[PDB]
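# Structural characterization, general
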Amino acid sequence: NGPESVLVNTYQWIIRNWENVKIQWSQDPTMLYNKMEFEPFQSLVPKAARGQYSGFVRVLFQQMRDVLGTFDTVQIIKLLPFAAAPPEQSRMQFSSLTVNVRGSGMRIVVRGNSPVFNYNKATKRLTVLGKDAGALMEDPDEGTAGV
Amino acid sequence: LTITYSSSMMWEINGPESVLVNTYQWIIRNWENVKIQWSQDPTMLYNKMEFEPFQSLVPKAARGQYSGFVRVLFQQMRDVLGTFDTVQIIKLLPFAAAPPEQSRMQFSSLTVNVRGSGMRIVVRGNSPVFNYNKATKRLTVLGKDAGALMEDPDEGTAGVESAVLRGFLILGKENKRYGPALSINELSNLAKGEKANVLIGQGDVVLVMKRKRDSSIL
Amino acid sequence: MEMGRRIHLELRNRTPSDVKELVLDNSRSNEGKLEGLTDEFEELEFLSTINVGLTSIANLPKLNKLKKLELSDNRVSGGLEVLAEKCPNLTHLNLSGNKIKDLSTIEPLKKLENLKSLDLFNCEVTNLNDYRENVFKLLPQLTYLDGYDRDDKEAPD
Amino acid sequence: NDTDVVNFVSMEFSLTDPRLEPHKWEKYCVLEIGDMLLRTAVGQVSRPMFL
Amino acid sequence: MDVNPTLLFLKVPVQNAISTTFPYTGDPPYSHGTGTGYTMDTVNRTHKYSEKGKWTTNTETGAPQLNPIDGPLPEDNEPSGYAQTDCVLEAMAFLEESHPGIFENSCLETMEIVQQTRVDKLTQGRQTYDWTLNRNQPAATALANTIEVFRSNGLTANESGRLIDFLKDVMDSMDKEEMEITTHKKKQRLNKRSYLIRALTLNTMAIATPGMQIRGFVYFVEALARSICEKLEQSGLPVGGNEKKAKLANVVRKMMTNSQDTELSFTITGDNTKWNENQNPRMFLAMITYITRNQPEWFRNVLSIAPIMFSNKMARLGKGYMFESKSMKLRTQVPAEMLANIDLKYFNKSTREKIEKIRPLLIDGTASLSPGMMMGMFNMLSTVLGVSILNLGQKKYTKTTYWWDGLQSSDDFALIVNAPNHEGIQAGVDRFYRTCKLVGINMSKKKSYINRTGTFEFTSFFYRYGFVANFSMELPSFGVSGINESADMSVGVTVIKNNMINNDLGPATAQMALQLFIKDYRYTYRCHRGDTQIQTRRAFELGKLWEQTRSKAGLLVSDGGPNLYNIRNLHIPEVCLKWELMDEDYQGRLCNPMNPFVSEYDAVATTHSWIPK
Amino acid sequence: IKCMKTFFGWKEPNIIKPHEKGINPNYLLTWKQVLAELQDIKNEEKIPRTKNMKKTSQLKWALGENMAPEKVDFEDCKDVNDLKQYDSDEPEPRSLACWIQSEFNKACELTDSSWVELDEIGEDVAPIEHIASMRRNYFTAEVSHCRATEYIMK
């Protein structure tokens, strides 16, 4: 399979169960974090920094839930798999979370698009490392899919 | 018969190679006083006329930026403590003579024009322009001996070297556990206190941590 | 879609005073003039208008909190004093793909002293020789032109 | 012979839209073989990569 | 705001930045100007400018001939090939009068070389037409084939090794009714007419290359012309750079300073483009006969054979033509031998018109061109004629208030005319124009200009207020000649030195030439400096040398040592330049006579000099 | 190969501005063949110095091998309705376009790399040698960062 396809498979699995994932995140973040399916992603992330990434994303989600009206599905989808490791506390404000890909450090920008995670809003389509990943179920900017 | 001129204004007579060799000879011969000046009031040292020939060899287009990089690196070396390295100080001091200006480039090598062709001296490690043999403790400049170095009462013999990467502290041998080898250009995105496994050059990987503080210059 | 409907949709049944980012993509404007936007908008901090069919920014309100203004893939041409005075606190600007003749028309942007980055792309001004350095001279406050600084280094956020 | 002509096919990357001044491009065939992320004042924007 | 290099001239006078206008400074990669249609147009224009010349039919080659000499005087400014024999002879007589004895000394100092040159002198030269094989061939192989064929045909006098002996052999062979050519066994019998038409051929890949039977006579006539020019001051040949630069200044000083303040002086620069159309071999024969007045008859015959033979010159017609059918996607080529009888529907309007014009001349696939000349064979004689026209301008000959002088080199000309008033200048220029027209010298009014004295140019030697800007040469190749390390180094360093000496190459440009030289030499021979980090197989042993030597500068550049050459020190041999610095052991090893590798240029017989396999 | 591996934005190739008087699809096919051949090379272990592309229809068509007129003597093709001399016709006039001005403008700008590397020479002792070295060094420092040198090296 390889890391290149593993990333796409993980994102596909996340987006297939988007409703259940969102409900768990809104209600029971911990069990969602301890999900088994996230095991291979953390294998790519270096073992010397996974705790810092997990802690940073977890505190970011805490702030996200604390605030309201700023919901952003793309960020949550992008950063969910990083929250599946022992979250050691840290204070440095990360901006590029390393992602090992066959001996090649690939980073992910938390804000804005990245080569490892490219989402086009005009077409509302998501692709990872060029390979097709999928699309989101939305159209209006209110949280509905009836249009 | 050979005629020698050890003065400070006869250096630009035998050739650019002679200028380099004699500038480093002057630096090594006055090692104690130059060290004390750098530690106490380095601003006057950076204004010393004895370094005027070197400023000629360094290209005009890339002398102010070189000087700013050197000033920032030396400020970091001063403000970090515990990681002295005499060879680096002697190697890198003369480039700071110009009136530095702020810059973002992270110079992995600086160019000195000798006989038209431009030689390159690396900020880290040995270079053909500047070689240092620690087995015999001898400095060779373009194959011509420049003197001998004696380690001063400050040194870090256990890794860390803070005067190689601007704004970064190198922590010695690489560690596969941290993020795989990065690029010097990418380092501009690491957050304060972040760590990586940057590839400095040649075929060796060096672990570096981004300085939390910021070293300022005049 | 039209301007006003798009603005209402973005507002999300909220007052026009609690929006920190407005996205107006692939919209349309009548007579190539800005419509809908009014003084009530006072918290906006990241605006974006792409393929909006605006002839010129002549009806922009006083968004004193406007910092990241984008007018990309459009045909805006004319005086820029309106942008200079109405929104004197611009920090990031984007005019990629716009219709601009020469520096005589981009001069008024020098009034904004907070413009840390100005982006131009596929324009007529960029054809001129030494465009980068001439613009830098005209806009000393600028630090990153076309996502690059005066020494050709990528500009991290 | 020194004047013998060897025929080759050349493929060159680029980031200029050939629909701006198409007349300049008459002997070339333009493909769109990818997209590139470029940093600008509003983040990493995606633009086509032409060949 | 938008780059515009031409605007540089808005403050810098043009003469300073003339190099700005030389786009190539080299040999372009297209080679535009050679083929068949160009030959067609050349022949057509040559015979057109002689429109009113008398027509005749040849008796030996059986081809028509056109004689425009003494024809009607031109009535319009268009080019005219009607050169009057009496006027040419009068001009030559006046030149002799102003320079007494010149022709006599030329003749008597050239008779010896006429009697001294060996056969091998013909080997040196450009490409030659091989009548044996009917195609351009190297001179040496053409000579070998010619001697072999003549030996087969029982004409072996040339075995004496004397050039005149071979010329007599050529005369005898041409007198023979027919000859045999044996190619490898294919035997071809060339009759008298066939051999004669072959020998008077002018192949076109000096655009035109004659055959071999006409080389020696051309050489002799050109030697006489050079000898005559040497004594002539206005002649622009065969001097080099410094003397050519001084000629312009001397002429300007003579014309201006001596003149009174009241008198007005002007200078016209003109280009004699297409200079061979209006000059006929018969006029050259006339001037040659005049030159050798009261001289031994054998010398006169040897010297007059050349223009006599050229007046019956036959011009070959390219390689042919190429046709293509897009409908069937087909391509074909037709030779020139079948161009005499072929349909004219294939070709376009202009090409078919040219074919129509030149149809009645093609004899055995070779047009006949009596009038006009071909480039680069009798250039010195043309210069002689030009200097005669100039000499006809003295105050004694003009018999008028104005007067003139100048320079001519057969490709460009400059003329300074001064007179008490503007009308005097107009009269002087008009009289010079008419006089040069009478002899057949053509001044192109569309590529000539007049301005107050002081600024002009001649053969690209742009002159402004006493400053010359020679741009008559191109930069040669600073690369590896491909013989051996020492040989290549020596030849190339000598090349750059010589170009510096005469061709007016700037010092800094010479330094960059040496830099690129060192780069290319090291890259080709893989002999890089020990300090450099480049990697290759040869770098291994080379590296060892760099460690062994106690003096880095002593090592040869080919051995990995530094390049110590510079402007000051270029003529010295590389081996001799590092003789003392070379370590004693290195010196002994390098120049060991007992080495197994060894069983113009100035170099030492080191071990680095070997013959490539 | 290493330079190619640095990019990950590959899409499915498609033609935006087609070659009006030419073969558009075969350019796409040969580009796809190039990419596939590079991947196949990646799959190899003992990669030789250079790899020769296998002969394919699209490769020949893009090169022009299958569009090259054949060779035949004039005797066997004289009776052709449209057999004409090569098109030695003056090309049609073209108006001045502003893109060449921009081309030169950008060719005259200052780049940010050392495009040309030159070897060393001997020392200068004569004052004229000093003048020559000064002129050469000034000019080189000026132009060594110009795009023209980039074009030259390319």
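As summarised from the PDB record, the model derives from cryo-EM at a stated resolution of 3.13 Å.

Per the PDB entry, the recorded name for chain F is Polymerase acidic protein, and the organism is Influenza A virus.

Per the PDB entry, chain D goes by the name Polymerase acidic protein and belongs to Influenza A virus.

## Re the overall build of chain F
From N to C terminus, chain F includes six helices and three strands. Going from N to C terminus, chain F has its helices and strands arranged as α-β-α-α-β-β-α-α-α. For a compact globule of 154 residues, the expected C-alpha radius of gyration is about 15 Å, and chain F comes in at 26 Å, more than 25% above that figure. C-alpha atoms of chain F, sized along the principal axes, occupy 75 × 50 × 35 Å. Residues classed as buried in chain F amount to 29% of the 154 residues present. Within chain F, contacts between residues separated by at least 24 positions form 60% of all contacts whose residues are at least 6 apart in sequence. Here chain F displays about 11600 Å² of accessible surface, and carbon together with sulfur accounts for 56% of that area.

## What about the environment of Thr366(E)?
All names here are of chain E. On the secondary structure map, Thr366 appears in strand 13 (residues 366-368). Residue classification places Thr366 among the buried positions, given a relative accessible area of 3%. In sequence terms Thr366 and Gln394 are 28 residues apart; their C-alpha atoms lie 45 Å from each other. The contacts of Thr366, once residues within four sequence positions are left out, are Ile197, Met314, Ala315, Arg316 and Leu361. Within polar-contact distance, the side chain of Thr366 engages the backbone oxygen of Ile363 at 2.3 Å. A distance of 3.4 Å separates a polar atom in the side chain of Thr366 from the backbone oxygen of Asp364.

## Describing the environment of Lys137(C)
Structurally, the position occupied by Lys137(C) is in helix 4 (residues 131-138). Owing to a relative accessible area of 65%, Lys137(C) belongs among the exposed residues under this scheme.

## Quick word on the interface of chain F and chain E
Each side of the interface is counted separately: chain F has 35 residues, and chain E has 41 residues. Together, the buried faces of chain F and chain E total about 3500 Å²; carbon and sulfur atoms form 55% of this surface. Counting across the chain F and chain E interface gives six salt bridges. The partner of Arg522(E) in a salt bridge is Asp119(F), with the nearest N and O atoms 2.6 Å apart. Taken together, the links from chain F to chain E amount to 21 residue pairs in polar contact. Of all the elements in the fold, those that place two or more residues in the side of chain F that touches chain E are strand 2 (70-71), strand 3 (83-85), helix 4 (99-107) and helix 5 (127-143) of chain F. In terms of residue count, helix 5 of chain F provides more of the side of chain F that touches chain E than any other element does, six residues in total. Each residue belonging to the side of chain F that touches chain E can be placed in one class, and the counts come to 14 nonpolar, five polar and 16 charged. Of the pairings in the sheet, the one linking strand 11 (residues 320-325) of chain E to strand 3 of chain F comprises three bridges and is antiparallel in character. Across the sheet, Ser325(E) pairs through a bridge with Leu83(F), a residue of strand 3 of chain F.

## Here we look at helix 15 (residues 485-501) of chain E
All names here are of chain E. The terminal C-alpha atoms of helix 15 lie 24 Å apart, and with 17 residues this matches the ideal 24 Å at 1.5 Å per residue to within 8%. Across the 17 residues of helix 15, 12 count as buried, placing the element largely inside the fold. Along helix 15, the residues that are buried comprise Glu485, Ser486, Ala487, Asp488, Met489, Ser490, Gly492, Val493, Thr494, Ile496, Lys497 and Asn499. Where helix 15 is buried, its residues contact helix 16 (507-525), helix 17 (538-548) and helix 18 (574-577).

## Description of the packing of aromatic side chains
Tallied over the full model, the rule gives 45 aromatic pairs over all chains. Plain terms: the ring middles of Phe22(E) and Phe471(E) are 5.9 Å apart, the flat faces sit at 50° to each other, and that makes the pair tilted. An aromatic cluster is present here, built from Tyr24(B), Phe54(B), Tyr66(B), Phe69(B), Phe95(B), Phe107(B) and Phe130(B) joined pairwise through their rings. When the ring centre of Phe461(E) is taken as reference, the NZ or CZ atom of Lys244(E) above it lies at 4.9 Å. Taking the ring centre of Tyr397(E) as reference, the NZ or CZ of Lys396(E) above it sits at 4.7 Å.

## What about the side chain of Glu120(F)?
Among the secondary structure elements, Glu120(F) is positioned in the loop between helix 4 and helix 5. Since its relative accessible area comes to 1%, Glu120(F) is described here as buried. Among the polar contacts listed, one links the side chain of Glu120(F) to the backbone nitrogen of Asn563(E), at a separation of 3.0 Å. Sequence-distant contacts of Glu120(F), that is, excluding residues within four places in its chain, are made with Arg115(B), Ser117(B), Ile518(E), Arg522(E), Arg529(E), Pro562(E) and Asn563(E).

## Describing helix 6 (residues 192-199) of chain E
Where helix 6 of chain E is concerned, the buried positions are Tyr195(E), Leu196(E), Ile197(E), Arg198(E) and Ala199(E). Between the side-chain oxygen of the N-cap and the backbone nitrogen of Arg193(E) there are 2.4 Å, and the N-cap of helix 6 of chain E in question is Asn191(E).

## As for the arrangement of the chains
Considering every one of the 12 pairs of chains in contact, the largest contact total is recorded for chains E and F. Over all C-alpha pairs, chain B and chain D never come within contact, reaching a minimum spacing of 12 Å. Between chain D and chain E there is no contact; the minimum C-alpha to C-alpha separation amounts to 9 Å.

Rules used throughout
- Residues numbered from 1 in each chain as written, not as in the entry; some residues may be left out.
- Chains lettered and ligands numbered in written order.
- Part of a larger assembly, values for the part shown.
- Heavy atoms only, no water.
- Helix = DSSP H or I, 4+ residues; strand = E, 2+ residues; numbered from the N terminus.
- Rg over C-alpha atoms; globule rule 2.2 N^0.38 Å.
- Buried < 20%, exposed > 50% of the residue type's maximum accessible area, 1.4 Å probe, protein only.
- Contact = heavy atoms within 4.5 Å.
- Areas by Shrake-Rupley, 256 points an atom, 1.4 Å probe, with all protein chains shown as cover.
- Polar contact = N/O pair within 3.5 Å; in protein donor to acceptor, adjacent residues only side chain to side chain.
- Buried area = accessible area lost by both parts, 1.4 Å probe.
- Salt bridge = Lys/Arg side-chain N within 4 Å of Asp/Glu carboxyl O.
- Nonpolar A, V, L, I, M, F, W, Y, C, P; charged D, E, K, R; others polar.
- Pairing = 2+ DSSP bridges.
- Expected span 1.5 Å × (residues − 1).
- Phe/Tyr/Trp six-rings, centres within 6.5 Å; stacked < 30°, edge-to-face > 60°.
- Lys NZ or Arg CZ within 6 Å of the ring centre and 35° of its normal.

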